[PDB]
Amino acid sequence: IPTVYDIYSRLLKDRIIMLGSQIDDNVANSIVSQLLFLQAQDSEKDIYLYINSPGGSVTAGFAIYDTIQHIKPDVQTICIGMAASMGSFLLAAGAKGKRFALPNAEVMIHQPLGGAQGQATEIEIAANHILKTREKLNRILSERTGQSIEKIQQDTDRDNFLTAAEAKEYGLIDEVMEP
Amino acid sequence: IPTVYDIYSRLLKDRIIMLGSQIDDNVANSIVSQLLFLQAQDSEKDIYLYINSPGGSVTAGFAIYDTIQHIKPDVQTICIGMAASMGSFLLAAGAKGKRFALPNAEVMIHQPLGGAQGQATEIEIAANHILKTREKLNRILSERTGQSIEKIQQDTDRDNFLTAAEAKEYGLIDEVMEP
Amino acid sequence: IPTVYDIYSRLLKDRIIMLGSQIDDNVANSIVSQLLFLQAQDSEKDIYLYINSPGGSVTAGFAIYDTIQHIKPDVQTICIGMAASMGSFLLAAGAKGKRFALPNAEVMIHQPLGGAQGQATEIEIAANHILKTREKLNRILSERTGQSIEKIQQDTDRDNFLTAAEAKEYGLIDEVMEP
Amino acid sequence: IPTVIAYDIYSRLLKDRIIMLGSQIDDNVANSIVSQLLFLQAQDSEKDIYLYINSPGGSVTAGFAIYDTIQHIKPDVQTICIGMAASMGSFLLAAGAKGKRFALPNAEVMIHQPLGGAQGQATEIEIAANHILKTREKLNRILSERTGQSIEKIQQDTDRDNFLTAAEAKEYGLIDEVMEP
Amino acid sequence: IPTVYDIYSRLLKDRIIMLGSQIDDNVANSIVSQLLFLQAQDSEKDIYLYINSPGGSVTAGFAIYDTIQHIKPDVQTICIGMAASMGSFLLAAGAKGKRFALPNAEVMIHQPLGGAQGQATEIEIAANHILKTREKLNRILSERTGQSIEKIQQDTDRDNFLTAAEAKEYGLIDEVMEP
Amino acid sequence: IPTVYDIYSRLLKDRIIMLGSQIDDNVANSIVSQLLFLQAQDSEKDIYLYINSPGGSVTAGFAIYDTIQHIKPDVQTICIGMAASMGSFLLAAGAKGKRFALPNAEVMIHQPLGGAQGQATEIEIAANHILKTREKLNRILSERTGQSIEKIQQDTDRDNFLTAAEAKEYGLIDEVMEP
Amino acid sequence: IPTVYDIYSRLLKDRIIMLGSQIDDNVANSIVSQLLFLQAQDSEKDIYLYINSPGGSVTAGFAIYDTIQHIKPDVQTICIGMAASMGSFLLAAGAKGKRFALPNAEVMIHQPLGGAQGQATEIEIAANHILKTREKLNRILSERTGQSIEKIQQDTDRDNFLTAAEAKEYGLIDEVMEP
Amino acid sequence: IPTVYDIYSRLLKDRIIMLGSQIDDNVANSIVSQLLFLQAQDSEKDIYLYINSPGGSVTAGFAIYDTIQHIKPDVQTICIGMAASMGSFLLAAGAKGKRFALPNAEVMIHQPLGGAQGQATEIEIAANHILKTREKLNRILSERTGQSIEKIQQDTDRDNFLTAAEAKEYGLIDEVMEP
Amino acid sequence: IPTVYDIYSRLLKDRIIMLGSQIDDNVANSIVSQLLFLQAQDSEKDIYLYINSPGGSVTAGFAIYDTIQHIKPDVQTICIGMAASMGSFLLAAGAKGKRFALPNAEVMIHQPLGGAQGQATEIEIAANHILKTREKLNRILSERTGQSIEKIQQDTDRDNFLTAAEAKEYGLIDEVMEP
Amino acid sequence: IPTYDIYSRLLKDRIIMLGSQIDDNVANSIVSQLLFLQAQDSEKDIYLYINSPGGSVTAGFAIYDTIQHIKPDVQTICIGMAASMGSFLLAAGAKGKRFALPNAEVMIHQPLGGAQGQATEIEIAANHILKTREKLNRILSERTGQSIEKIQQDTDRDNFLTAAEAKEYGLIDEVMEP
Ligand SMILES: *[B]([O])([O])[C]([C][C]([C])[C])[N]C(=O)[C][N]C(=O)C1=[C]C(Cl)=[C][C]=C1Cl
Ligand SMILES: *[B]([O])([O])[C]([C][C]([C])[C])[N]C(=O)[C][N]C(=O)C1=[C]C(Cl)=[C][C]=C1Cl
Ligand SMILES: *[B]([O])([O])[C]([C][C]([C])[C])[N]C(=O)[C][N]C(=O)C1=[C]C(Cl)=[C][C]=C1Cl
Ligand SMILES: *[B]([O])([O])[C]([C][C]([C])[C])[N]C(=O)[C][N]C(=O)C1=[C]C(Cl)=[C][C]=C1Cl
Ligand SMILES: *[B]([O])([O])[C]([C][C]([C])[C])[N]C(=O)[C][N]C(=O)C1=[C]C(Cl)=[C][C]=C1Cl
Ligand SMILES: *[B]([O])([O])[C]([C][C]([C])[C])[N]C(=O)[C][N]C(=O)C1=[C]C(Cl)=[C][C]=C1Cl
Ligand SMILES: *[B]([O])([O])[C]([C][C]([C])[C])[N]C(=O)[C][N]C(=O)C1=[C]C(Cl)=[C][C]=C1Cl
Ligand SMILES: *[B]([O])([O])[C]([C][C]([C])[C])[N]C(=O)[C][N]C(=O)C1=[C]C(Cl)=[C][C]=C1Cl
Ligand SMILES: *[B]([O])([O])[C]([C][C]([C])[C])[N]C(=O)[C][N]C(=O)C1=[C]C(Cl)=[C][C]=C1Cl
Ligand SMILES: *[B]([O])([O])[C]([C][C]([C])[C])[N]C(=O)[C][N]C(=O)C1=[C]C(Cl)=[C][C]=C1Cl
C-alpha cells in the first residue's frame, strides 16, 4: 500500500519480487511479467523471489516455474511465513544453492486437489488429467530435492507440514537463514 | 391425490405399483416395500409396475432392480410417458415377455453421471467407482436386451432417445401395447 | 378443498376427472391412475375429463394421451377456461364426437419449448430430439383434427389463440357446448 | 378451518348449496368452484345455488371456467358480494342469475381492464397484445349484456380502476339488489 | 391445537367464534362461514365472538361486519388481549348492549393504511379510494359509538390506545366484564 | 407412502424394519423403538432389517447397533442398493450367519469424518475423540468380520467400495442372496 | 499491478502482449487494440503474444485470430501455464515456425460449448449455428496443424489434454522452448 | 487496459474507435462523443469504427447511427469477431464502399426484443411502439443493403447467422478483408 | 472512458455537455455545475446540451431546467437516440429556435410516476403533491410547445412516442437536423 | 487517507503503522516496508506501532522473522490493542525498546483453528496446531523470561493485561508516560 513508486515497485527496482498471496492466473501473469522485465534489464544479476503463499493453481504455478527455469538470471527463493502446496513447489524451484527459509517459516507439501462433474467418461478424463499432473509434479520435485519419486508420493498423500530445518533436510531449500 | 384409500393405494390392492417420479432413496424404499408386501400377499400372481420416470440414483434403482429379481411373482413393466436413464434400466428389468411401452412413450439410455471433489487420490477412487458401476450396468443391460456389451457402451456414450418401437427392436421391451 | 370424500373424489365416483393445473409427472401419474381405476370399475361407461390447463411436459402429456387411447371406455374431453399447449393436445385426444369446449373457453396451440446446454454434440442431440418430438405431435394432431401436417406446422410456429368456435372449425373439438 | 359433527365449515355450508369464493381466482380455485357447481347440480338440478364472493380477482381464464359453468348448469346461481368483488370477482358477481345478484351494504365492487405481460420478439409482443385486447373485448361484450350498459361505456369505465359502492353497483347493473339488514 | 373436535370446533358447538389473529380474506371467509352456519342452526340464540386481533384488511373486516348485521342472531363481542384497527371496528359492531372487554384488554383505533404506485392518475385513484373508505369507516363508527364524525376523525389521525374503561366511555363497548 | 396401515407399518407386522435413509438421531430413535417393540411382541422370532443407507451419525448408528446386540431375537440384515459407512457397519452387525446382500447391492467402508473448530486445546480434544471412535469401530468390525484391526485400518483409510461378492469374502455379510 | 508505466505497459513497449485470462469481448478488444497499435508503430518487427488462458468466447477469440492474420508483423505465440480451448486455438494461430510452449505448459483442445433455450425452431437455429462454428474451427485448426479435419473432430469430442511435447507432435506449436 | 494514453486513447489519436461491447446508453454516449471529437479535429479524414458487439439498445444504437450519418467524415466499419443485432445494424451503417468484415467474423440479424407489463392498453402501446421500431429498422436496413423490406422482414423473423462472405452477398458489408 | 482530459472533459472545453443517462440528483448536480462553469467562462457564447436519456427525477430535472433558464448563454438542445419523460422535458427547454433532434431519435412524453405508502392522510398528501407537480410540468410544457394545457394533459395520460418529425410538429423541438 | 499519503510520510521517518488484523497482505506490506527501511539505512532504528486484534500465525511469523533478520533495531509501540498475534509481535521488538501507551490493552491466548474431514486429516490438523502452539510458547518464553509452563497456563483462555501488567509480564519493557 505505501508510497516511496509503491513499496513493491520500489523493491522491484532492486530485483526483489514479492509473492505474498494465493497463486492464480493474475498473480502468475504479474510474477512472470516481473521476471521477464528484470531479465531484460540485466540478464546477469540475481533476482530475489520472496514467497509467502498458501498455494494455488497448478498451471498458474507452472507459468512461474517455467519462467524461472527459462530466464538467464538465477532466481533466489526466500520463504517467509508459509510456502504451502504450489508455494512450496516454487520455493524448491529457486536456483540450487539459493533456496532459503527464515527460521520460523513453515513449508507444507501435499498432492493436487480438484473436482470433476459430468458423465462417467468426463470424470475419467478429469481423473487421468489430475493423476498425470501429480506425476509431473512429483518427477520435478524429485529432481529438485533429491528424494525418490516414491518417497515424494508417500510424503504428499496427506498434508505434510515441515519446519524450515525439516525443509532443508528434505531438500526443498538449501539453507535456513539465521539472524 | 384423490380418495376412493388414496388412488395409488387403491391400485396397489390390484397389484399395480406406480413409479411416476425421479428415483431416489425414498422412492426406492417405497417401491421395494410395495413389492415385498405384494409378494407376502400372494407369491404367485403377477405384479404390474408402471414406469414414468426421468431416472435417478443408481443405487436406489438397484434396490428396486434386485428386489424385482428376488421375489417369486413376475413383475410386468409398462412404460408410459418416459423411461429415461435408470427408468429405462428398470423397464428392461421386468419379467421377460412382460415388458411393455405404450405407443408414444419415450425411452432414453445413457451412461452414469456423477461428481468428484478433493485430492487426486479421491478423484481417482470416485472415477474407478463410477466406471465400475457403468460396467455393471452394461453387463446387466446386455443380458436383459441381448445386445453386446460393446454395443451397449457405444449406444450410451451420449443421450440416446428411442421410440417405443425402437425400444422393442433394441430388446428393452417385448411389446408395444396397441389400443 | 371441500368435503362431501373431497370434492374431486366425489366427482370421480361419477367418472369425472378434473385436470385443472399444469401437466407435470405427478399430475400425469394421478390422471393415468384415475383412468385405469375408472376402467377397472366399468370398462364400458364413458369417462369425462375436464381440462383447464396451461400445458406442461410433453412426456407427461403423452402418458395421459396413450392411456386415453389404450383403455376401453370413451373419454370425453371438456375444455373450461383454457386448454393451452399440451392441454389443447389432450383436449383434441378425446373420443371423436365427444370433444367439447364451453363458449368462452380459450384454446392455444404452439410448438414445443425446451433448453439445451453443453457441448455442440449434446446441443445437436437435444435439438434433434425436440424436433422429432414436434413431428410426432404434429402427426398426431393432424390425425385428430383432419388438418394437414403442413398446416399444423404453420399454425404452431408461434402462439396461436383460438376461440371455442375457432377450435371447432379447426377440428380440435367437435362441439361448443351451449347453455 | 373449524369442524362440524364430520365436515369442515365450508363442507357444511356446501351441504346447503352455498359455495364460498373467498380468495384470489387462480386455476386451483376455479377447479374447486367448478367441481362444487357440477356436484350441486348432480345432487339437485332445480334448487338454487348460492355463491358468496369476496375476491380481489385473478386469472381471466380461471374466471371464465367458473363463468361458463354457471351459465351451463340448470340451477340458478345467486351471487352475493361481501367485502370486495374486484376485477374478475366483479365479473363473476355480475354473472349470477338475473334478479339474484346481491351485495351487502358496505361491500365494494371494482371494475377495470385486464392486466398482463409480454416478453420476447416484436412478433411475440404483437401476438400477446392482440390476445389481451381481444380478451378485453370479450369481457366488455359479456359485461355489456349482463349490466345493460353499452360496450363503449364499459370500455370508458374500465380504463382505470373504478371503485363502486354497493348502491352504485346496483345502479350500474352489476347487481340487482343491496341486501339490507 | 388440542382435541377434545379440535378445541375451536368444540366451542363453535356452543356458538362461540374465536377471532384470534390478523384479519385477512381467509380469516374473514372462515368467520363469515361460522356465522352463517350458527344462524342456520338456530336463528334466535346469541352468538359469542371473542376478539383478540391486531387488525387487518378493511374489506375482509367488512365481510365480517356486514354478515354480523345481516344475520338474525345477536352477536356479542368480547375483547380479550387486544382489539386494534379493524379489530376494534368489529368489537364496536357487536349487538348494542352486548359489546364487552375484559379489564386489561387494550383497544386501539386509527385511520386506514395503504399504498399506491404508478402514474399520477393511478395514485389519485388510490388516494380517493382510501379517503372514501376512511369516511365510510368513520360514519359507521360514529353511529356505533355515538361520537361525532369530526371527533372520530380527530381521534384516529394517529394511533390512539384506549384502556377497556376508556373504550366503554368512548362507546366502543358497553361494559367491562369484571371477575 | 401408500396405505394397505402405511406400507412400512404393514411390513413391521411381519417383523420387517426398513432402514432406507441417512442414519441420524430421529432414524435411530425409530429403529430402536421398532426393535424394542418387536422384541416385546415375541422375544424368539427373527427380525429382518433391510438396509439401504449412505451412512450417518456414529452415535446414532451405535444406538441401533447396541440395541441389536441387546435384544433376544436374532436380527437378520439384508443390504439392498447401498450400505455405506455406518450403513455397512450395521449390515455387519446382523446375527452371524444371517447377514445378506442382494447381488448388485454395493457396500462401502471408510473411516469416520468430522469437524473441529476453536482453540488448539479443543481441536486436540476433538481429534482424540474421533480417533478413539475410529478404534472402537475398527475393533468391533474386526470381531464381526474376522479381519485383523490392522487390515480394517488399511482398508478404511479411503473410501473402499465392495461388490456383494467382495463383501461376503471380506466377512461383512455371510451370503449373497441369489434369485 | 506494479509500476516501473504499469508492468504490462512496460512490456508492450518491447512488443510483448500478455494474454493471461479468460477470453471475453473486453479482453479481445484490448488485445486487438494492442496488435493494431504495435503494427502502427512498426509494421516489420515481430510481436510476442504470451498465452496463459483457460479459453473463452469463440467470437472474441476470432476477433484476435483474424487480427493476427491481418497485420503485417509476425506474431509469435508462447504458451506458459495453460492454453485451453480458444486459448489453444490462438496458440496454434501464431506465425508458423514461431509457436512455442514452455516445457511444463499444458494444452487442451475440445469442441465448442453453448446453450439454447426456447421454441424447437430456436433450438434448431442455435444447434446449426454452434455446429457450423465447430466446422469453421476444425477447418482452421486442420490448416494450422496439418491434421485432417476428421482427426481434429475425433480428438476434440471430449476434453483432450496435451503436454508441450505432445502439442508439438500434434502441430499446435513448433518448438518446446528449453531452458 | 494497458498504457502507452490508454491503448484505446492511443488508437483514437489515429481516428480509430473501438466498439467492443454491448451497446447501452453509456457506450453510445462515448462513441458519439468520440465521433464528434474526431470531426472537430478534422472534418475530412476518414474515421475507423471497429465493431465486435452482441448488440444492445435500439435507441442507443440510433444515437450512434444518426451521428455517423450526420458528421462530414466517412466512417468505415470493420467487423471483427461478431456484429449481432444492433451491432450488425451499425456495421451496415458505415460509408458505402467502406464496410468490412474479417474473414472469420460472424454477422447476425434478427428482429427487436422487448417486454411490456401492465394494463391491456399499455401492452397495446408497447406493442405498437416495438412494431413501429421494427419497421423503421427494416426500412433503413433495406436502404443500406439493397434488399427489399419484405426480404429483410422474412430474414429477421428468427436469429439469422451469416458468415462474412454471406454478409457481403447480403449487402451488409462491401468487402471481406483478406490477409 | 477514453483520454485525449477524458473525452467528455475535452468536449466541455467546446461548451458541449453530454446528458447520456438517467436523470438523478448526481447527474443534475454535474450538469448544473457544467452550466454554471460554462457561463462563468463566457456569458455570451452558446452552450450545446446533447440529450440521450430515459428520464428520471422530476426535481433533479428541474434543477437542470431552472439553471438553463437562469444563465445568460443560450443552451441548444440536441436529442440523439432517445429523450423520454424528463429527458423530453429538458429537450423542450432549450433556447427557442435551437432545439433539435437527429432524424431517427425518439421522443416520449407521459405523466409523472411515483409511490406513496402509509396512512390515508399521507397518501392524500403524496397524491396532491404529484398532481400539483403534473400541473406545473404541463403548464411549462404548454408554454414551450404552444400546445394547450388540455392537449398536453390528454397526450401524456399514457406513454406517447413521437418520431423526430412528430416532435417538431408538436413543438417539442424546432428542427430535425438533416445530414 | 489524507495527503505522500499520511502513512507514506511517516515511513519516510522509519515509522511503520500496523493498525489492522494480520493477514497475508498486511504481512507482505509490513515485511516489504522493513526490507526497504533496512536497504535505506541498516543502522537507524525502525518504529513499529501496533494496534491489532491479531490474525494469521504464519503471516505474523513472516513479520516476526523479518524483524529478527534485519540489522536495524525495531522498536514496538502498542497503542489501543495488541491481541493474540499482535501481542506476539509487540513482544518481538528489540529488547529494551518495547513499549505500550498507558491505556493500551494487551491480550494473549492460544491459537485457534478448524479442521474438517477424515479422522486422519483431523489428526494431522490437530498435531499441526499443537506444534504451532509449542513454537509460539517457546519463543514467547524467551522474549518475556516466563517459563513455557507459565505461558501455557496463562494462554489457555483469553488473558487481558493492562500496559503495567504487560511490563511486569515481560511483554514490553516500559509504559510510555506523557
Ligand atoms: B496447492 O497449492 O494447494 C496445489 C498445488 C500442488 C503443488 C499440490 N493446488 C491444487 O491442487 C489446485 N488444483 C489445480 O490446479 C487443479 C489441477 C487439476 Cl490437474 C485439475 C483441477 C484443478 Cl482445480
Ligand atoms: B440416470 O438415471 O440419469 C443415471 C443412471 C444410469 C442408468 C445411467 N443416473 C446416474 O448416473 C446418477 N448418478 C449416480 O447414482 C452416481 C452419483 C455419484 Cl456422485 C457418483 C456415482 C454414481 Cl454411480
Ligand atoms: B406446451 O404445453 O407448452 C408444450 C407441449 C407441446 C404440445 C407444444 N410443452 C413443451 O414444449 C415442454 N417441453 C418439453 O416437454 C420438452 C420436450 C422435449 Cl422433446 C425436449 C425438451 C423439453 Cl423441455
Ligand atoms: B382482475 O381480476 O384482476 C383481471 C381480470 C379482468 C376482469 C380485468 N385479471 C387480469 O387482467 C390478469 N389475467 C389474465 O388472465 C391475463 C394475464 C396475462 Cl399475463 C396476459 C393476459 C391475460 Cl388475459
Ligand atoms: B387496521 O386493521 O390496521 C386498518 C383498518 C382500520 C382503519 C379500521 N387496516 C388497514 O388500513 C388495512 N388497509 C386496507 O385494508 C386497505 C384499504 C384501502 Cl381502502 C386501500 C388499501 C389497503 Cl391496503
Ligand atoms: B459414515 O456413516 O459416513 C461414518 C461412520 C463410519 C465410519 C462407521 N460417519 C461419520 O463419521 C459421521 N461422523 C460422526 O458421527 C462424528 C463422529 C465423531 Cl467420533 C466426531 C464427529 C462426528 Cl461429526
Ligand atoms: B473454449 O474456450 O472453452 C471454447 C472454444 C472452442 C475453441 C472449443 N468456448 C466455447 O465453445 C464458448 N462458446 C461460445 O462461444 C458459443 C456459445 C453459444 Cl450459446 C453459441 C455458440 C457459440 Cl459459438
Ligand atoms: B439486438 O441488438 O439484440 C436488438 C436490435 C435490433 C436491431 C434487432 N436489440 C433489441 O431488440 C433491444 N431492444 C430494445 O432496445 C427495445 C426497443 C423497443 Cl422499440 C422497445 C423495447 C426495447 Cl427493450
Ligand atoms: B419521467 O422521467 O419518467 C418522469 C418525469 C415527468 C416529466 C413525467 N419521472 C417521474 O415521474 C419520476 N417521479 C418523480 O420524480 C416523483 C415526483 C413526485 Cl411529485 C413524487 C414522487 C416521485 Cl418518485
Ligand atoms: B491470534 O492472532 O488470534 C492467534 C495467534 C496466536 C499467537 C495466539 N491466531 C490464530 O490462532 C489464527 N489461527 C491460525 O493462524 C491457524 C494456525 C494453525 Cl496452526 C492452524 C489453523 C489456523 Cl486457522
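Below, each value reflects all heavy atoms present in this structure, side chains not excepted, and no hydrogens, waters or symmetry copies. Order of the sequence lines sets the chain letters (A, B, ...), proteins ahead of strands, with each chain counted from 1.
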| Under 3.5 Å, is there a donor-acceptor pair linking the side chains of C:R158 and D:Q121? | yes

| request: Would you kindly say whether C:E106 and D:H131 are connected by a side-chain donor-acceptor distance under 3.5 Å? | output: yes

| Residue D:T123 versus chain C: region with a heavy atom under 4.5 Å | side chain

| request: State the CD1-CZ distance between C:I71 and C:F37, to the nearest 0.5 angstrom. | output: 12.5 Å

| query | What part of D:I66 lies closer than 4.5 angstrom to a heavy atom of chain C: side chain, backbone, both or neither? | reply | neither

| query | Is there a side-chain contact between C:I80 and D:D68, using heavy atoms and a 4.5 Å cut-off? | reply | no

| request: Name the member of C:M18, C:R10, C:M177 that forms the most heavy-atom pairs with chain D at distances under 4.5 Å. | output: C:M18

